[PDB]
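Structure 1 and structure 2, given next as structure tokens, are two forms of the same protein chain, each shown alone.
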Structure 1
């Protein structure tokens, strides 16, 4: 009857050997970019997918309507899904060359300064620096246009061939396009009303965006106001924020405008970087602090291999390395983090995030191979960030010693904090949703390539409230100048995650019985909250993410309510700030171009 259990048992035990091989090869590339390690990655990928092909067909022979063990049924459906195995031979290696090329371009691209043409400079470390400090419109603009001109233009033809092949693979897996393959992460088969069909996600996103939209709009108007004080003639009081004037090299997080936009500047600082600078922190201490936070709640510390094999400093070996922060599960209790952590508060919180990934991976290693994932892409990211929400409260910052101890508590500093929080949480929601929506369109065939950037910037201006400084023809491929786009990572997770968070924290704060505002809650030294969360990280993808949600929060779907309630004091203040302001943007004026 169920020779399924048996087949799955042989599969688990080979697939994890082979997936560790592939993961090691990819790691050895991501921390040492050479021609040789690039090819050793290709060969590991070839063996993985040649294997997964036979195992996939072999599984499609077991009818899934005879399986009654929903556990084995989820496993068999995961495996009857032939990702990659869908593309074949020439087209699996073609894809892989395209993918390697995009990847090494993104992490080797250097742009030079018209002023000192001998100064070519990399993104992963240096151009990031410029985009985080500078307040010189023309400096920022040459870095922004130089990056898009000198890599996005190199990536355009690649992104095209990439889209045809990724779509072919999806169609071969019975999906409308690649965007339907990625939205299939949110598809769940349980009972009662614990099911979820892919095509709900777009509705459920567009619902919640609307509910988020008012708050974003107010934050937007205010940020424009303050930005007008630093760039008077380049910004209209009724239109859009220029794309090269935000926190980083895209409009992704507005967390480097805190300086320009701090509500009550004469108070204790929520950003705490200066403190670390003088407190002589380093990479190892940031991670030892993340580790302490997770133990404080009752989770495992980190493995020895985590310390002996991870990349925490950017290597000073001459080695060329892809620096974007990532948390690796190489399938064998072999966990690592690949991050170029610099001594700032932003890296300190992202060490929280990527270690939250490692903790999830450790959590569900009790599950069989095919079920060791998150319940959905969002949950994995969300978990990284729930801890962050607590790691970031002033109260904890004070406990760390990074704040000055003295008690200058007041709504004043709560407004300071809520704004530094809005700049990174709320700010990223329209940018995120708009980026994924552009990709979903490109996959579904709705954008002719003669109008790619035309429909990029149009959606930009319309949905984010952000306009571009110089005009871009279809020789650009701006969207691909982000790690996730050119390194083939689904992006709507960073949307669902931001909502799922306040649903989790709220629940995990009810457990700690924290009274008062959800934004002053801190789950440190709370073993019962840690227990509440670990019980569901132990599930992984073995149960419907909808039930997984109810297990801790009591919802079967997303719910903007906790997010909105967390930011409610900032909503009230921000609204006053924009009583004599237009709460909105218009795509009419431009910045000369």
Structure 2
């Protein structure tokens, strides 16, 4: 019969044993960047790739349509379909050389002050600051145009080669293109009303986006109004936002426009970061607090190894380290978080997010290795933000921590809070959907390489209401200058994550019997809501996500309504501010 199972246990045990060794090699790099430590990663990164190619091919020996137990079939299909880069010897290694070269050209980017040529700066510490802190248009323009000039253009020939070999690889695995391969993540077979085809996704993305667009349009016109105060004569009242003038290096989040857009300046601010400095909070205590949050809903504490093996403080060893936050599942009950956590409110909030991922890793280790993952790529980020929704409410900040508890929480601070939320969450939705709609089109061939930038900026102008300072011909590769694009990461997950968040937090809060506005809901102290979430995490990828969603929110696809409900008060407010102005944007 199905000897596949007796094959799988063999894979399950050889997988974790080496992936354990891969993870350890990678972690020793990220916390201690050496020539020796970089090299050892490649050896383990080499062995793992070699290991998969044989299992992928060996998996193909077993036919997926003889397998009846859907849980066993699901793992088999992942092994024979995914990672099955049986492409060609000279192309499994050309692709890898392309994938390192793009990854490291981005990592090693340095652009120079056009007026101070010997002053050149990396993105990861430095240029990011200008783009989060500056209001000097010309200053932002060169940092923006420079990165897109210096690193983007070098990445353009690589992206083109990247495209062909990836499309080839995905063709070999019975996929229309790499985009199809990527969307495949949301595919799920149950043949019982829980089935989901890849080509439902673009329909469901464009369906929900249509519901989000009003809200975004109003958040856009409001943010445009307050920004003409800072840049009169560069922002037209009727047109697009310049791309270099948003929260960060791309328009990815609008968070750092809050200073500029806060509805009610004269309300005392809500930023708890000074209170921690006053109170001598340090990295450890922030996580001890996030631990209390999870414990309080009935999730486990952290592991002892998490404390001893994690990196919370950026080292003063002179040890050079990648400070970008991540949550590591190293396969052996060894969970760690890698974060240069400074004593702020925003870090406090992310430490809740990133410990969200650790909980989800801990929650599904009862699964065979091939099923230790989130039900789709959207589920892990949704699970970490669910945490920040509750821990950022004023109700939470009072109770455990240092909002003063003499704090007035009225309609004016609530609008202040929602606007802060929308800038980061609702702002990112157009930016993210427009990016995957480019890539999907590029992989599908709907955009010739002779019109990549021509059709990128056009799409930016049409969908994000964002436009570019300087005109870009086909020598630039602007999308390549975001990390996920040049590091070959699927991106629509940050969209689907966003809709999931509010589906969860609504149903979860209803289990916590919270009454009133969904956005003042804090789940803390609710073992009832924790158990509701803990059930689905445990499932991992072992059931179709459509079934996993319903076991929490009682729905089987993206519903935008909770997100609309969550921001309902900010919607009415924004529509009043814009009431006798233009809502939308010109495309000239």
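Positions refer to the first chain, counted from 1. If you superpose the two forms and keep the largest set of C-alpha atoms that fall within 1.5 Å, you have the rigid core.
> Which residue, chosen from 135, 197, 104, 309, moves its CA by 2 Å or more between structures 1 and 2 under a rigid core superposition?
Meeting the 2 Å or more criterion is only 309.
> How about residue 285 - superposed on the rigid core, does its CA move between structures 1 and 2 by 2 Å or more?
The answer is yes, as the C-alpha of residue 285 shifts between structures 1 and 2 by 2 Å or more after core alignment.
> Any CA movement of 2 Å or more for residue 181 between structures 1 and 2, core superposed?
Residue 181 C-alpha, core-superposed: shift of less than 2 Å.
> Once both forms sit on the same rigid core, is the C-alpha displacement of residue 320 at or above 2 Å between structures 1 and 2?
Yes, because once the rigid core is superposed, the C-alpha of residue 320 moves 2 Å or more between structures 1 and 2.
> If the core is used for the superposition, what shift in Å does the C-alpha of residue 361 show between structures 1 and 2?
Looking at the C-alpha of residue 361 between structures 1 and 2, the offset is 1.7 Å.
> By how many angstrom is the CA atom of residue 39 displaced between structures 1 and 2 after fitting on the core?
Residue 39 C-alpha displacement between structures 1 and 2, core-aligned: 5.6 Å.
> Using a rigid core fit, what is the CA shift at residue 147 between structures 1 and 2, in angstrom?
Its C-alpha position differs by 0.5 Å.
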